[PDB]
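Just so you know, residue 1 is the first one in the sequence shown, and it goes up from there. For the numbers below, each heavy atom of this structure counts, side chains included, while hydrogens, waters and symmetry mates do not. Whatever order the structure lists ligands and atoms in, that order sets their numbers, starting from 1.
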Amino acid sequence: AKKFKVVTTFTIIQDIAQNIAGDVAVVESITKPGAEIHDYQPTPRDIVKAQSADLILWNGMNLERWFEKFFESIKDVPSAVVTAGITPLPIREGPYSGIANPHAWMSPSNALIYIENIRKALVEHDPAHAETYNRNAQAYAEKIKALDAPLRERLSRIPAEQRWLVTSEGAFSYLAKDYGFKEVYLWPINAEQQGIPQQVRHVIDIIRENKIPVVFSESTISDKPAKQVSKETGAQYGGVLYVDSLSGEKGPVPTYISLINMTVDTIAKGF
Ligand SMILES: [Mn+2]
């Protein structure tokens, strides 16, 4: 009858978890493709959705500023933080300085740890399907491991000194560390905040000093500040990167694997 039901806070976890669950459990996301996840405002239908689940997955590292208050309205549903065991990179400036940068999934090696935490959660709370979860997790982990070589090859045309990654949110720190990029951003983490117009001038100084050819925005936030930066520098606007959300199932970024590939592909294109 009713399959084991998993509810996640946002879409990236949904797709990783669904790959481990296979045909044996149904995984749904509270947030919709394209929606901003950091300061999402849960509605009454989200409570019913989360309350209907057998297990709730969230990122932690205070990604979902809304989750803990929301979860107080949910009774008798176990939850698991899928970043357990990941060493955080701290936010480097702004009013959230020193807090964990929550975007750990942009490192494919960190995704192996996401996968293991989700597998553990599913095996524990749905032990009747532990064998399917264990098989699916190991197969999906191998798919993630197979990304490292093509990803580095795709970025290999860009010499080390020119590997500057200029984005809107500083959401790519884990990806940048993995593939040897230095990061510049217009704001360190999505939030309601001051300091963005002045950071735009500092970034402009950095674009000129280092001859950076391309700046990017992201799929859940406005492209306007990055487009402005491109106008008042030489650098071209390299388009939209994906980090905080997948696209819809027929859009360009329907899976976690496609999010990593398309973000790296768009970066490489921009150079
Ligand atoms: Mn973000």
Side-chain angles (χ1 to χ4, degrees), residues 8-17 29-42 57-68 70 81-83 86-108 110-111 113-114 165-179 181 183-196 199-200 203 215-227 229 238-248 251-256 258-264 266-267:
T8 72
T9 45
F10 73 117
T11 55
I12 278 71
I13 296 176
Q14 187 274 325
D15 179 73
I16 295 170
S29 175
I30 283 159
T31 65
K32 272 60 79 209
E36 205 292 303
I37 59 174
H38 294 259
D39 297 308
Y40 173 77
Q41 308 281 77
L57 307 175
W58 59 307
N59 197 76
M61 310 206 283
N62 218 42
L63 170 67
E64 308 97 328
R65 304 201 179 92
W66 50 279
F67 179 74
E68 294 188 67
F70 167 88
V81 50
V82 297
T83 54
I86 295 183
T87 293
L89 297 165
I91 292 163
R92 309 277 175 191
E93 55 219 4
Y96 296 92
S97 176
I99 304 309
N101 186 321
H103 304 99
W105 64 90
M106 294 311 278
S107 157
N110 276 345
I113 301 176
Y114 279 76
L165 178 51
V166 184
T167 67
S168 306
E169 187 185 25
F172 298 87
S173 318
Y174 295 87
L175 174 79
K177 160 162 130 267
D178 275 12
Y179 300 113
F181 275 75
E183 59 171 3
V184 189
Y185 39 81
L186 307 184
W187 54 89
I189 180 165
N190 289 352
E192 190 38 36
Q193 72 199 278
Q194 329 149 11
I196 304 170
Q199 178 66 1
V200 172
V203 164
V215 309
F216 309 90
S217 70
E218 298 93 50
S219 81
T220 69
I221 47 85
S222 171
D223 69 356
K224 288 166 139 63
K227 284 216 258 223
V229 168
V240 168
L241 305 177
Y242 281 76
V243 52
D244 283 350
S245 172
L246 310 173
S247 69
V253 177
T255 63
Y256 168 72
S258 70
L259 176 142
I260 298 287
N261 286 342
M262 171 76 105
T263 280
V264 163
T266 301
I267 286 167

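- Partner of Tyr40 under the side chain to side chain donor-acceptor pair (under 3.5 Å) criterion, out of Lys32, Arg65, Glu64: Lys32 alone.
- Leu246 places none of its side-chain heavy atoms less than 4.5 Å from the side chain of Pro33.
- The aromatic rings of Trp105 and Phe10 sit tilted relative to each other, their planes meeting at an angle between 30° and 60°.
- When OE2 of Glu169 and NE2 of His38 are joined through the Mn ion (ligand 1), the resulting angle is 80° to the nearest 10°.
- Among the backbone and side-chain atoms of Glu218, no N/O/S atom is found under 2.8 Å from the Mn ion (ligand 1).
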Candidate pair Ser173 and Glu183, rule side-chain hydrogen bond (donor to acceptor under 3.5 Å, both in side chains), full reasoning: CA-CA 7 Å; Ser173 318; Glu183 59 171 3; 2.7 Å; yes
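- Take the N/O/S atoms of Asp244: the one nearest the Mn ion (ligand 1) is OD2.
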